[PDB]
Every structure is written in structure tokens, then in C-alpha cells.
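*Asks:* Dropping in start_9.tsv, with TSV, C-alpha atoms.
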chain	number	residue	atom	x	y	z
Q	1	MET	CA	85.88	73.24	135.63
Q	2	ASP	CA	83.79	70.82	133.54
Q	3	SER	CA	80.78	71.24	135.87
Q	4	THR	CA	80.06	74.74	134.56
Q	5	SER	CA	76.33	75.44	134.25
Q	6	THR	CA	73.96	78.41	134.25
Q	7	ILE	CA	72.80	80.30	137.32
Q	8	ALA	CA	73.37	83.64	135.55
Q	9	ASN	CA	75.71	85.40	137.98
Q	10	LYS	CA	78.93	85.61	135.93
Q	11	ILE	CA	78.08	84.18	132.49
Q	12	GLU	CA	74.76	85.91	131.90
Q	13	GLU	CA	77.03	88.79	130.86
Q	14	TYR	CA	78.57	86.27	128.43
Q	15	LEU	CA	75.43	84.73	126.89
Q	16	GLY	CA	72.38	86.91	127.54
Q	17	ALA	CA	74.22	90.24	127.68
Q	18	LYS	CA	72.19	92.01	125.01
Q	19	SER	CA	73.84	95.38	125.66
Q	20	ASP	CA	75.67	96.24	122.42
Q	21	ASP	CA	74.53	93.26	120.34
Q	22	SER	CA	72.39	94.65	117.51
Q	23	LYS	CA	74.06	97.11	115.15
Q	24	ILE	CA	70.92	99.18	114.96
Q	25	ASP	CA	72.09	100.92	118.15
Q	26	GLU	CA	72.77	104.04	116.07
Q	27	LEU	CA	69.02	104.51	116.51
Q	28	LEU	CA	68.42	102.02	119.34
Q	29	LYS	CA	70.70	103.66	121.88
Q	30	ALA	CA	70.09	107.39	121.89
Q	31	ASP	CA	72.46	110.32	121.88
Q	32	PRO	CA	70.32	113.36	122.79
Q	33	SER	CA	71.42	115.08	119.59
Q	34	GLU	CA	68.60	117.33	118.43
Q	35	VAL	CA	67.64	120.90	119.27
Q	36	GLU	CA	64.72	122.47	121.15
Q	37	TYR	CA	63.12	119.50	122.88
Q	38	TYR	CA	59.49	118.70	123.26
Q	39	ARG	CA	58.15	122.27	123.71
Q	40	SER	CA	60.03	123.25	126.85
Q	41	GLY	CA	63.11	124.89	125.35
Q	42	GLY	CA	65.86	122.31	125.55
Q	43	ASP	CA	69.15	122.65	123.72
Q	44	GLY	CA	71.01	119.59	122.53
Q	45	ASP	CA	74.28	121.47	122.14
Q	46	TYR	CA	74.10	122.51	125.79
Q	47	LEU	CA	73.19	118.94	126.71
Q	48	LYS	CA	76.17	117.25	125.03
Q	49	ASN	CA	78.37	120.02	126.39
Q	50	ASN	CA	77.27	118.99	129.90
Q	51	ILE	CA	74.98	115.98	130.31
Q	52	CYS	CA	75.54	116.01	134.08
Q	53	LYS	CA	72.92	118.73	134.65
Q	54	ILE	CA	70.10	117.91	132.27
Q	55	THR	CA	66.97	119.80	133.30
Q	56	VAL	CA	63.21	119.39	132.91
Q	57	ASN	CA	63.23	121.89	130.05
Q	58	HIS	CA	64.98	119.17	128.03
Q	59	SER	CA	61.77	117.12	128.03
Q	60	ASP	CA	58.03	117.54	128.43
Q	61	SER	CA	57.03	120.17	130.98
Q	62	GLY	CA	53.94	121.77	132.49
Q	63	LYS	CA	52.70	118.30	133.43
Q	64	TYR	CA	56.12	116.59	133.51
Q	65	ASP	CA	58.22	117.29	136.60
Q	66	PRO	CA	60.24	114.86	138.77
Q	67	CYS	CA	58.15	113.75	141.71
Q	68	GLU	CA	55.13	114.50	139.53
Q	69	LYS	CA	53.23	112.98	142.39
Q	70	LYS	CA	53.64	116.25	144.29
Q	71	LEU	CA	53.96	114.25	147.48
Q	72	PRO	CA	57.64	114.62	148.42
Q	73	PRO	CA	59.43	111.31	147.87
Q	74	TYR	CA	61.37	110.70	151.08
Q	75	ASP	CA	58.78	111.14	153.85
Q	76	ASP	CA	57.70	107.63	154.87
Q	77	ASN	CA	58.99	105.04	157.33
Q	78	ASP	CA	57.88	101.56	158.42
Q	79	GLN	CA	56.92	100.08	155.04
Q	80	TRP	CA	57.12	96.48	153.82
Q	81	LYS	CA	55.67	94.68	150.75
Q	82	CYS	CA	55.82	91.10	149.66
Q	83	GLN	CA	53.04	88.60	150.25
Q	84	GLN	CA	50.07	88.90	152.60
Q	85	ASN	CA	48.15	91.32	154.76
Q	86	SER	CA	45.25	93.77	154.44
Q	87	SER	CA	47.19	96.80	153.14
Q	88	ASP	CA	47.43	95.95	149.41
Q	89	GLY	CA	46.26	92.37	149.74
Q	90	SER	CA	46.54	91.43	146.07
Q	91	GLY	CA	50.16	90.77	145.14
Q	92	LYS	CA	52.68	92.28	147.58
Q	93	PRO	CA	50.68	94.09	150.29
Q	94	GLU	CA	52.99	94.24	153.32
Q	95	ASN	CA	55.52	91.66	154.50
Q	96	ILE	CA	58.97	92.56	153.08
Q	97	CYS	CA	60.49	95.99	153.64
Q	98	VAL	CA	61.10	96.99	150.08
Q	99	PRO	CA	62.92	100.28	150.66
Q	100	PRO	CA	60.56	103.24	150.40
Q	101	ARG	CA	63.27	104.08	147.89
Q	102	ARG	CA	61.57	101.95	145.25
Q	103	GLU	CA	58.26	103.32	146.49
Q	104	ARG	CA	59.73	106.76	145.68
Q	105	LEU	CA	61.69	106.57	142.48
Q	106	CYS	CA	61.40	109.96	140.86
Q	107	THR	CA	59.69	108.23	137.94
Q	108	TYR	CA	56.33	109.89	138.62
Q	109	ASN	CA	57.24	112.30	135.84
Q	110	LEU	CA	58.17	109.44	133.51
Q	111	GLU	CA	54.85	107.72	134.26
Q	112	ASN	CA	52.91	110.55	132.61
Q	113	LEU	CA	54.16	111.09	129.06
Q	114	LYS	CA	51.40	112.49	126.85
Q	115	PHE	CA	52.95	115.02	124.49
Q	116	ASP	CA	54.07	114.06	120.97
Q	117	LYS	CA	57.04	114.86	118.65
Q	118	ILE	CA	58.68	111.88	120.39
Q	119	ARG	CA	59.04	109.65	117.33
Q	120	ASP	CA	62.50	108.48	118.42
Q	121	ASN	CA	64.26	107.34	121.56
Q	122	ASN	CA	66.52	110.35	120.98
Q	123	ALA	CA	63.73	112.22	122.74
Q	124	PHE	CA	62.58	109.23	124.80
Q	125	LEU	CA	66.05	109.19	126.33
Q	126	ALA	CA	65.84	112.68	127.82
Q	127	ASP	CA	62.97	111.90	130.19
Q	128	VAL	CA	64.61	108.65	131.33
Q	129	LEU	CA	67.74	110.65	132.08
Q	130	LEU	CA	65.67	113.23	133.97
Q	131	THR	CA	64.35	110.38	136.09
Q	132	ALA	CA	67.86	109.05	136.70
Q	133	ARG	CA	69.34	112.51	137.34
Q	134	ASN	CA	66.70	113.55	139.85
Q	135	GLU	CA	66.59	110.21	141.65
Q	136	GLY	CA	70.38	110.23	141.94
Q	137	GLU	CA	70.58	113.78	143.25
Q	138	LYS	CA	67.83	113.17	145.79
Q	139	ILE	CA	69.25	109.85	146.98
Q	140	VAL	CA	72.73	111.33	147.38
Q	141	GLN	CA	71.70	114.66	148.91
Q	142	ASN	CA	69.07	112.96	151.11
Q	143	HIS	CA	70.70	109.92	152.67
Q	144	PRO	CA	70.64	109.31	156.44
Q	145	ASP	CA	73.81	107.22	156.24
Q	146	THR	CA	77.18	108.54	157.44
Q	147	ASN	CA	78.50	108.44	153.85
Q	148	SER	CA	80.16	105.12	154.70
Q	149	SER	CA	80.12	102.13	152.34
Q	150	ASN	CA	76.41	102.42	151.57
Q	151	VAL	CA	75.61	105.56	149.56
Q	152	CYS	CA	76.63	104.75	146.01
Q	153	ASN	CA	75.55	101.16	146.64
Q	154	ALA	CA	71.99	102.38	147.23
Q	155	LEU	CA	72.37	104.70	144.24
Q	156	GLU	CA	73.38	101.72	142.10
Q	157	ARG	CA	70.40	99.71	143.31
Q	158	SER	CA	68.10	102.60	142.37
Q	159	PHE	CA	69.83	102.58	138.99
Q	160	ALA	CA	69.03	98.90	138.55
Q	161	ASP	CA	65.42	99.38	139.65
Q	162	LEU	CA	64.99	102.17	137.10
Q	163	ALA	CA	66.61	99.88	134.55
Q	164	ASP	CA	64.09	97.12	135.12
Q	165	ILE	CA	61.14	99.51	135.22
Q	166	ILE	CA	62.27	100.73	131.79
Q	167	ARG	CA	62.35	97.03	131.01
Q	168	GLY	CA	58.94	96.71	132.69
Q	169	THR	CA	59.85	93.57	134.64
Q	170	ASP	CA	58.94	95.31	137.91
Q	171	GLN	CA	56.13	93.60	139.81
Q	172	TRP	CA	55.40	96.56	142.06
Q	173	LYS	CA	52.91	98.86	140.33
Q	174	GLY	CA	51.66	102.19	141.62
Q	175	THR	CA	50.40	104.45	138.88
Q	176	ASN	CA	52.69	102.24	136.84
Q	177	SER	CA	49.61	100.90	135.05
Q	178	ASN	CA	49.56	104.33	133.44
Q	179	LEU	CA	53.35	104.09	133.11
Q	180	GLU	CA	53.37	100.56	131.72
Q	181	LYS	CA	50.62	101.28	129.18
Q	182	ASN	CA	52.48	104.56	128.54
Q	183	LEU	CA	55.42	102.51	127.36
Q	184	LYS	CA	52.73	100.71	125.38
Q	185	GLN	CA	52.02	104.12	123.87
Q	186	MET	CA	55.22	106.21	123.97
Q	187	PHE	CA	57.74	103.40	123.74
Q	188	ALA	CA	55.19	101.96	121.34
Q	189	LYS	CA	55.21	104.95	119.00
Q	190	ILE	CA	58.98	104.85	119.06
Q	191	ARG	CA	58.74	101.09	118.46
Q	192	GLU	CA	55.61	100.97	116.26
Q	193	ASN	CA	57.15	103.40	113.76
Q	194	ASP	CA	60.70	101.99	113.61
Q	195	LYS	CA	59.43	99.05	111.57
Q	196	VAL	CA	62.04	99.10	108.80
Q	197	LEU	CA	65.08	99.29	111.08
Q	198	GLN	CA	64.35	96.09	113.04
Q	199	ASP	CA	63.26	92.50	112.48
Q	200	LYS	CA	61.86	91.20	115.80
Q	201	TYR	CA	58.18	92.22	115.57
Q	202	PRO	CA	56.14	89.72	117.48
Q	203	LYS	CA	52.77	90.76	118.89
Q	204	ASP	CA	51.54	92.46	120.90
Q	205	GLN	CA	54.83	94.22	120.45
Q	206	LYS	CA	57.02	91.95	122.56
Q	207	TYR	CA	57.23	95.14	124.60
Q	208	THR	CA	59.60	93.69	127.19
Q	209	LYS	CA	61.57	91.78	124.56
Q	210	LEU	CA	62.52	94.97	122.69
Q	211	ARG	CA	62.76	97.49	125.52
Q	212	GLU	CA	65.24	95.01	127.00
Q	213	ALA	CA	67.54	95.48	124.01
Q	214	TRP	CA	66.82	99.22	123.95
Q	215	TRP	CA	67.89	99.73	127.55
Q	216	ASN	CA	70.76	97.30	126.95
Q	217	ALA	CA	72.06	99.56	124.21
Q	218	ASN	CA	71.42	102.57	126.48
Q	219	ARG	CA	73.61	101.38	129.39
Q	220	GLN	CA	76.24	104.09	129.48
Q	221	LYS	CA	74.22	107.30	129.40
Q	222	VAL	CA	71.66	106.43	132.08
Q	223	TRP	CA	74.31	105.11	134.48
Q	224	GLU	CA	76.46	108.17	133.89
Q	225	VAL	CA	73.61	110.61	134.50
Q	226	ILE	CA	72.35	108.84	137.61
Q	227	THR	CA	75.87	108.85	139.05
What is this structure when it is put down as C-alpha cells?
*Replies:*
Amino acid sequence: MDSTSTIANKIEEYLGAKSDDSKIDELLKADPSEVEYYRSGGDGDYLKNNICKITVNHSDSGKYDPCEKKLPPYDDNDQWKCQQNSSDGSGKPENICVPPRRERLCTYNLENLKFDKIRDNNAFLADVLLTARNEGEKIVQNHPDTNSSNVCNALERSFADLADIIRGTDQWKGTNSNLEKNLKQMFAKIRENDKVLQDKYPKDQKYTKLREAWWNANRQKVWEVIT
């Protein structure tokens, strides 16, 4: 009724839903529609034929590989992180059991982009989709639950965590310093060269403020691939 206000649970999607707002999405949201990716031997035709099994060869390789931290993701138990003890004292050392899940997103590959020819999100999409694809397959194939009403819920939460890491608003950082500054260098050189096609510049780059709209335009593909 007339006491409607904002707590952003049902009308954030009405006001701040930046998903398909800007009609620069023809370059802001990416369709992986070029041939022979970074140097690994991808094939865009193959990819649009079947996006559901994108492979590492459709992005950087040699140094890029899901679970690039060669430590297998799902090995650890008894972990918590929010406020105060001697483990990681600064920030969120150990007092809320964040699922080891977020401690083991298969983003370790995506943290370590160095190779070039990525002047466009069209190529910056493929690695994000590798992250989503691998994290989804590992969370669904490795899940101790009895396949009851938990599995795709956890998969969706991993989706959202990946979404906010690509928006950078995550306040857990592992090698993410490398990853976050990597967005300040890869997402930068796909955002520091697309000067003509946008209007919201502000320094340093408003990194979060634009990768928010980028991921907002790129809703469908990442969700589809992670599912």
C-alpha cells in the first residue's frame, strides 16, 4: 500500500536493475562470436553450436586452467570466516562458516589472465564462462547431498558469488588481489579502449560501476553455462 519503501528485495529489480538498460549491450554483453580464441585453438562456430561444453581451449591456456591453484578445490572441512581470531586476523579470519565453496570457486584460472588479444569482452566472456562451467560441473558432480532440495540452490549461490566477484564487491580476497587488479588490467583494457562507445568514465575507472553494468548485460549466458 502507500507505505511502500526501499529495502531492495522486490523493487531493486524495478529501479536498480541495470541488466539490459544501456543499448550499448551489442558490445557490452558478449556473444562469443569470433574464431580461434586467444592462442589455444577455440572455435566460435563450435561454441555457438553448443555453449554447454565450452572448454579451456576457448580461452587462454598453458597457464590458464580451472583450479589453476593446483590444489583440488573440494578437500577441506571445518572452515569459518567473519570477524576475529588468529587465522587471518585482519578482516574475516575465522568466525562464520562461509562454505569452503566460496573458498573454492574455480576462479583460480580467471584470477591469472596475462595474455593479450583480449580487446573486447567477446573474449573476456569465454574465461568467465569457463569459470562458471567448471564450478557448476564440480559442484553438481561433487555434492554430498542426497540430490534433495539443495543441489541447484547451492549451484545458484555459487552463480551469485561468481557474479559479485566479476562485480568485485566480494570482501573475501585470496589471490584475488591479483584477480582484482587483473580486472584493473584485463577488464581495464576492455574498458580503457572502449572509450567512444560509452559515456560514464569517472576515475579511476569506476571499475565496479561499469563491470556492474557489464555483468548485468551478461546475465543470460553465464547463468546458462553454469547451469
*Asks:* Q:15, Q:125, Q:165, Q:130: which is nearest residue 226 of chain Q, counting all atoms listed in the file?
*Replies:*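 The shortest atom-to-atom distance to residue 226 of chain Q comes from Q:130.
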*Asks:* By how many Å are atom CA of residue 178 of chain Q and atom CA of residue 38 of chain Q apart?
*Replies:*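 We find that atom CA of residue 178 of chain Q and atom CA of residue 38 of chain Q lie 20.2 Å from each other.
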*Asks:* I'd like the neighbourhood of segment 54-59 of chain Q as number ranges by chain, where a residue qualifies if any of its atoms comes within 6 Å (using all atoms listed in the file), though same-chain residues fewer than 3 positions away should be ignored.
*Replies:* Q: 37-38, 40-42, 51, 127
*Asks:* For each of Q:220, Q:150, Q:83, Q:158, take the minimum atom-to-atom distance to residue 137 of chain Q, counting only C-alpha atoms, then give the residue where this is smallest.
*Replies:* Q:158
*Asks:* If we count only C-alpha atoms, what is near segment 113-118 of chain Q at a cut-off of 9 Å, once residues fewer than 3 positions away on the same chain are taken out, given as a count of residues only?
*Replies:* 20
*Asks:* Using atom CA of residue 174 of chain Q and atom CA of residue 214 of chain Q as the two end points, give the distance in Å to one decimal.
*Replies:*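 Interatomic distance, atom CA of residue 174 of chain Q to atom CA of residue 214 of chain Q: 23.5 Å.
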*Asks:* Write out as a list in words which residues come within 9 Å of residue 53 of chain Q when counting all atoms listed in the file, dropping same-chain ones fewer than 5 positions away.
*Replies:* residues 47, 133 and 225 of chain Q
*Asks:* Distance atom CA of residue 16 of chain Q-atom CA of residue 119 of chain Q, one decimal place?
*Replies:*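 Between atom CA of residue 16 of chain Q and atom CA of residue 119 of chain Q the gap is 28.3 Å.
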*Asks:* Would you pick out the contacts of residue 227 of chain Q at 8 Å or less, using all atoms listed in the file, so that residues sharing its chain but fewer than 4 positions from it are not included, and give the list as JSON, numbers by chain?
*Replies:* {"Q": [133, 136, 155, 223]}
*Asks:* I need the residue nearest residue 112 of chain Q from this list: Q:12, Q:43, Q:194, Q:68. Use all atoms listed in the file for the distance.
*Replies:*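 Between Q:12, Q:43, Q:194, Q:68, the residue approaching residue 112 of chain Q most closely is Q:68.
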*Asks:* Output, as lines of an AutoDock Vina configuration file, the centre and edge lengths in Å (one decimal) of the axis-aligned box that contains all listed atoms of segment 22-33 of chain Q with 6 Å of margin on each side.
*Replies:*
center_x = 71.2
center_y = 104.9
center_z = 118.9
size_x = 17.6
size_y = 32.4
size_z = 19.8
*Asks:* Calculated over all atoms listed in the file, which of the candidates Q:163, Q:50, Q:138, Q:21 has the smallest distance to residue 151 of chain Q?
*Replies:*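 Selected residue with least distance to residue 151 of chain Q: Q:138.
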*Asks:* Of the candidates Q:153, Q:177, Q:134, Q:198, which one gets nearest to residue 111 of chain Q if we count all atoms listed in the file?
*Replies:*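 When distances to residue 111 of chain Q are compared using all atoms listed in the file, the smallest one comes from Q:177.
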